[PDB]
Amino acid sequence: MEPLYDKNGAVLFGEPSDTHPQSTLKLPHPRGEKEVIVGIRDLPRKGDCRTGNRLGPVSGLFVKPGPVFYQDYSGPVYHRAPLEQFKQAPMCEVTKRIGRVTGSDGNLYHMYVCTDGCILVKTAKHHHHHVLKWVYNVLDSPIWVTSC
């Protein structure tokens, strides 16, 4: 299974892996002052990193199926998309581009939210033209999509 990470960047099982350098998650980076759920209309901005915003502290953007979005999160998170829980799908009708995530395969993916609420990834680079939807989340944890 792809590992989860605690708020201090330590792996909770398995072995640590580096993020892809082109991901929008840039580590090491603190997080977890508070769990802060936000709606798709109130995603955080870069300029919210040091001050937080009116909603709370900000460490970046986290997502899990539902969809549920967060601007900070304290529990276990993915640093890479757990592709064993995704499924190849056609490209959906996109509502928002939300970042560039490292797959559990080490590759770079563009991440999107679809009009159906699904979270979708598409290979950014070589091997590109692979598109998958996040269909299972058996450990009920988000991906850290962007850090601020």
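Only the largest set of C-alpha atoms that superpose within 1.5 Å between the two forms is called the rigid core. Start at 1 and count along the sequence shown; that's the residue number.
After a core fit, the C-alpha atoms in 6 other deposited structures of this protein lie farther on average from the shown form in one of 93 to 101 and 38 to 46, namely 38 to 46. As the entry records it, the average C-alpha temperature factor is higher for 123 to 131, out of 8 to 16 and 123 to 131. On average the C-alpha atoms of 31 to 39 have higher B-factors than those of the other stretch, with 31 to 39 and 61 to 69 being the two compared. Listed residues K26, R50, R97, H79 were ranked by CA B-factor as deposited; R50 comes out on top. Annotation for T102: C-alpha temperature factor in the lowest third relative to the rest of the modelled chain, per the entry.
When the modelled residues of the chain are ordered by C-alpha B-factor, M111 sits in the lowest third.
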